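What follows is each chain in one-letter form.
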Amino acid sequence: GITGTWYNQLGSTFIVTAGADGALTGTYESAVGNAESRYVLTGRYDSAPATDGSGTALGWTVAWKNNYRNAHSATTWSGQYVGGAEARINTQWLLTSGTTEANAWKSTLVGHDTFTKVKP
Amino acid sequence: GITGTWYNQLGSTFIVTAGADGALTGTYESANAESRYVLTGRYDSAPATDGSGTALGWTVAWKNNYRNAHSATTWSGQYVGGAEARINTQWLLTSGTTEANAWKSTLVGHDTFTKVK
Amino acid sequence: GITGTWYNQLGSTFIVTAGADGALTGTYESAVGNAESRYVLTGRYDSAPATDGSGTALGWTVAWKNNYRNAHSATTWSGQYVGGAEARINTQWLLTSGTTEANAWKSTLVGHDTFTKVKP
Amino acid sequence: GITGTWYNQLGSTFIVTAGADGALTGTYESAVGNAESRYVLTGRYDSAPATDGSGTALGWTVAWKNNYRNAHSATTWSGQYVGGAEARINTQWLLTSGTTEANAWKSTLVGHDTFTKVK
């Protein structure tokens with residue numbers, strides 16, 4: 001299932017637990033950006049997905065502050081878990097930095113990450 | 001500043017508690033009990049005091065005890081304080097799909113939340 | 001109609017002609033970023049929209065190179081024209097910079113611009 | 001290196017010409033290539049990219065109307081071209097459908113496409 005240790009295409013490590021209530025909890029370690037060591041993540045997933053072959057919708061957030069660094073920014077990943085021999089979580093993400101109003105136009109980066117339970 | 005009730009531009013409301021450890025927890029109401037959903041996210045608990053906003057994000061999976069849309073939305077944005085406080089966000093809404101339909105799985109948009117209806 | 005001079009919420013100037021064949025042509029002047037004066041734009045729009053009250057889908061691109069500056073980047077706006085007493089073009093945009101492979105993860109900004117024929 | 005035929009991860013094809021001063025013009029079609037699947041594309045690219053190893057920024061639009069069909073929608077692709085023996089155009093896209101104002105919240109899909117010179 002969703003619970004386990006995942007890696008994206010760039011080597012970031014996503015350690016997550018999916019609870020019966022639809023909760024996601026865990027830690028994220030980023031291979032890119034103004035980040036070091038582990039950061040808390042929380043999110044939600046559909047705990048009763050369809051039975052027609054569709055994936056399981058989910059999302060989570062990391063605020064890029066821990067006991068060692070603060071980048072004044074947060075990323076959300078939105079996507080779906082696809083089961084099978086090679087389980088996969090396919091996502092698109094938004095990374096918003098705190099900015100002044102004059103700089104808000106350049107506050108948000110966008111991209112896509114794919115996660116598997118094997119390293120890239 | 002973040003803790004409390006917020007209203008978007010389209011008739012949605014949420015109530016959130018911003019914890020001292022960076023947690024966001026609360027309830028999102030898209031329009032009655034049947035429209036209330038759990039929300040969970042994170043925010044920068046030590047933002048700059050230089051005029052910059054406070055970065056944050058949260059997720060709602062659209063399942064409750066009454067309904068299930070097999071989908072989830074994430075909002076990514078920043079809180080801006082003061083007399084006209086705002087949470088300015090962009091969002092991604094992913095639906096569970098088959099592989100053949102995955103190309104059309106994700107909608108994108110924006111929401112602005114205020115403390116006054 | 002779409003043809004005319006439009007302004008976004010930041011005061012950028014969008015001068016566009018919508019041709020009978022679905023073509024958009026014109027110039028863009030940005031209120032923000034590494035930009036000076038007018039840049040070429042081209043795009044497309046639905047020249048026969050639905051008659052059920054729906055807006056008119058459209059999109060356009062600016063590469064941020066002109067005779068004065070080159071930011072090595074390009075923005076695409078995707079949206080729809082909404083007729084009314086206060087005509088409006090509502091868009092979401094992607095701004096991709098040319099980067100190295102190691103920096104590609106942070107190559108693309110995302111935002112939303114709304115245009116009217118009156119300057120705010 | 002941009003001019004020619006490109007193929008995405010899901011079968012789609014485009015034939016583009018990159019003009020000297022930054023114009024992109026061409027046709028976007030399905031893998032089958034029948035006339036009913038072909039649409040005009042136009043866009044722009046950086047005609048003087050950096051020389052430090054960075055990609056070439058570009059974008060283009062297709063409105064999904066041709067002489068045969070009209071889906072009342074348009075897609076923009078924003079990305080960069082990377083040359084070499086394994087040349088690529090790496091993009092993210094936005095697909096906006098015409099909607100009423102009440103449905104505007106669900107008007108815009110987002111995704112990503114990677115284009116290569118071989119199928």
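Per the deposition metadata, X-ray crystallography was the technique used to determine this entry, at a resolution of 1.33 Å.

### A short note on the overall build of chain D
For chain D, the helix and strand inventory stands at zero helices and eight strands. Its helices and strands in sequence order give chain D the pattern β-β-β-β-β-β-β-β, from N to C terminus. For 119 residues, the compact-globule estimate of 2.2 N^0.38 gives 14 Å, and the C-alpha radius of gyration of chain D, at 15 Å, lies within 12% of that figure. For chain D, the spread of C-alpha atoms along the principal axes amounts to about 45 × 30 × 25 Å. By the burial criterion, 50% of the 119 residues in chain D qualify as buried. Sequence-distant contacts, at least 24 apart, represent 36% of the contacts inside chain D between residues at least 6 apart. Accessible surface computed for chain D: about 5,100 Å², of which carbon and sulfur atoms make up 51%. Positive and negative side-chain charges in chain D, numbering 8 and 8 respectively, have mean positions lying 8 Å apart.

### Section: the UniProt feature "binding site: biotin" in chain A
The UniProt record annotates "binding site: biotin" at A:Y28, A:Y39, A:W77, A:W93 and A:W105. These annotated residues cover 78 residues of sequence, and their C-alpha atoms reach 27.0 Å apart at the extreme, placing them across more than a single site. Counting through the fold element by element, A:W93 comes out in strand β7 (residues 88–97). Ignoring sequence-local partners within four residues, the contact set of A:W93 consists of A:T75, A:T76, A:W77, A:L109, A:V110, A:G111, A:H112, A:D113, B:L92 and C:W105. Excluding anything up to four places from it in sequence, A:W105 contacts C:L10, C:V32, C:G33, C:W93, C:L95 and C:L109.

### What to know about the interface of chain B and chain A
Taken together, the contact pairs 45 residues of chain B with 44 residues of chain A. Taking both sides of the interface into account, the surface hidden between chain B and chain A amounts to around 3,100 Å²; carbon and sulfur atoms contribute 57%. Linking chain B with chain A are zero salt bridges, by the criterion used here. Looking at the side of chain B that touches chain A, the elements with two or more residues in it are β4 (36–43), β5 (54–63), β6 (68–80) and β7 (86–95) of chain B. A per-element tally of the side of chain B that touches chain A places β6(B) first, with 10 residues. The residue inventory of the side of chain B that touches chain A, partitioned by class, reads 16 nonpolar, 24 polar and five charged.

### Section: the pairing of strand β8 (residues 108–116) of chain A
All names here are of chain A. Taking burial as the measure, the nine residues of β8 include seven buried ones, the bulk of the element. Relative to β8, strand β1 (residues 4–8) runs antiparallel, the two sharing two bridges. Residue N8 lies in a different strand from β8, and its bridge partner there is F115. In the sheet, β7 pairs with β8 via nine bridges, with the strands oriented antiparallel.

### Looking at the interface of chain C and chain D
Listed as interface residues are 44 residues of chain C and, on the opposing side, 44 residues of chain D. For the pair chain C and chain D, the summed buried area comes to about 3,000 Å², and 57% of that belongs to carbon and sulfur atoms. Across the contact surface, chain C and chain D share zero salt bridges. The tally of links between chain C and chain D comes to 21 residue pairs in polar contact. Among the secondary structure elements, those contributing two or more residues to the side of chain C that touches chain D are β4 (39–45), β5 (56–65), β6 (70–82) and β7 (88–97) of chain C. Among the elements that take part in the side of chain C that touches chain D, β6(C) stands out by supplying 10 residues, more than any other. Taken together, the residues of the side of chain C that touches chain D sort by class into 16 nonpolar, 23 polar and five charged.

### Concerning the nonpolar core
Judged by nonpolar contacts, the single largest core of 46 residues is most densely connected at A:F14, A:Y28, A:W60, C:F14, C:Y28 and C:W60. Judged by nonpolar contacts, the second largest core, of 43 residues, contains B:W75, B:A85, D:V16 and D:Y28.

Conventions used here
- Residues numbered from 1 in each chain as written, not as in the entry; some residues may be left out.
- Chains lettered and ligands numbered in written order.
- Heavy atoms only, no water.
- Helix = DSSP H or I, 4+ residues; strand = E, 2+ residues; numbered from the N terminus.
- Rg over C-alpha atoms; globule rule 2.2 N^0.38 Å.
- Buried < 20%, exposed > 50% of the residue type's maximum accessible area, 1.4 Å probe, protein only.
- Contact = heavy atoms within 4.5 Å.
- Areas by Shrake-Rupley, 256 points an atom, 1.4 Å probe, with all protein chains shown as cover.
- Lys, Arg positive; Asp, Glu negative; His and termini not counted.
- Charge placed at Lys NZ, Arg CZ, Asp CG, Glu CD.
- UniProt positions renumbered as here; feature names shortened; annotations may be inferred.
- Buried area = accessible area lost by both parts, 1.4 Å probe.
- Salt bridge = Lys/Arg side-chain N within 4 Å of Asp/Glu carboxyl O.
- Nonpolar A, V, L, I, M, F, W, Y, C, P; charged D, E, K, R; others polar.
- Pairing = 2+ DSSP bridges.
- Polar contact = N/O pair within 3.5 Å; in protein donor to acceptor, adjacent residues only side chain to side chain.
- Core = buried A, V, L, I, M, F, W, Y, C linked by side-chain atoms within 4.5 Å.

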